[PDB]
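Only one chain is included here, represented as structure tokens and corresponding to the form deposited in one PDB entry.
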């Protein structure tokens, strides 16, 4: 009644819509409440609770929530596309300044989430919204959670396999903001090459081999707790000497240093969003 649908964006199902009163363009996420597959509403209520408390220009803005028919409608700001479509539209080929702008905005949004005690836990190109003016927003807080109350464990079933860090692949019970910084590193590698996933494993074993094959297998010195993790098993010792130059050809030495700080296997050694924003990659004086 309040909104006219213009077209389906994808799948809840998402629609481009117009406010019937104001005529502003928005994105509507419709969530069915008369569950066929029980559970969907639960994730939508968590997303609403978190986005109510996360108002930042680099986090998708929830304007309103409507309850009509047997459905919940989440009213979001409208964005032109996601990073997946953006890669398809430019042959996966980004200008180095767009690489830098997109990572900068992702880190600002992520930095804001972490400072508010929220883990995103689902960073991937489909969840990064892109506007024609070059704005980037972090979207989809369906797997996000508040942290701070000490607990036995979180779920180890978080992040799609290709964006999941080695501590979580080894079945770590607890993780910090470090989980999202690994995913941010994976996305940086996509921006800085041809928009293809850096570590496209078929399963947990293949995922760990692809990571260690590029970065080197962490030593007992680098990661003393590694061998004690619940699903630890011995991996081959791949050398730490393998060049990153051809894996991220859009990046100079400065960009490669920031990528290595994001892709630290030991979660305690991973750079924070706040530290990453202070990296010389983002200075006015960067080559």
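Positions refer to the first chain, counted from 1. So that the term is clear: the rigid core is the largest set of C-alpha atoms that superpose within 1.5 Å between two forms.
In all of the other compared structures of this protein with flanking residues present, residue 98 is modelled, so it falls below the one-third mark for missing coordinates. Looking at the other PDB entries for this protein, residue 251 is present in the model in all of those that include the residues around it, rather than absent from a third. Count the deposited residues lacking coordinates between residue 11 and residue 12 and you get 1 to 3 of them. The deposited model assigns a higher average Cα B-factor to 147 to 155 than to the other stretch when 112 to 120 and 147 to 155 are compared. When 48 to 56 is weighed against 63 to 71, 63 to 71 comes out higher, by mean CA B-factor as recorded in the entry. When the CA B factors of the chain's modelled residues are split into thirds, the value for residue 207 lands in the lowest one. For residue 80, the recorded CA temperature factor ranks within the middle third of the chain's modelled residues. Ranked within its chain, residue 277 lands in the middle third, by CA B factor from the PDB record. In the deposited entry, the Cα temperature factor of residue 40 sits in the top third of values across the chain's modelled residues. Looking at the C-alpha B-factors along this chain, the one for residue 132 belongs to the highest third.
What comes next is about the form deposited in another entry, which is not displayed.
In this overlay on the rigid core, residue 269 has a C-alpha that sits less than 2 Å away from its partner position between the shown form and the other one. Comparing the forms between the shown form and the other one on their rigid core, the Cα displacement of residue 260 stays under 2 Å. Core-superposed comparison between the shown form and the other one: the C-alpha position of residue 242 differs by no less than 2 Å.
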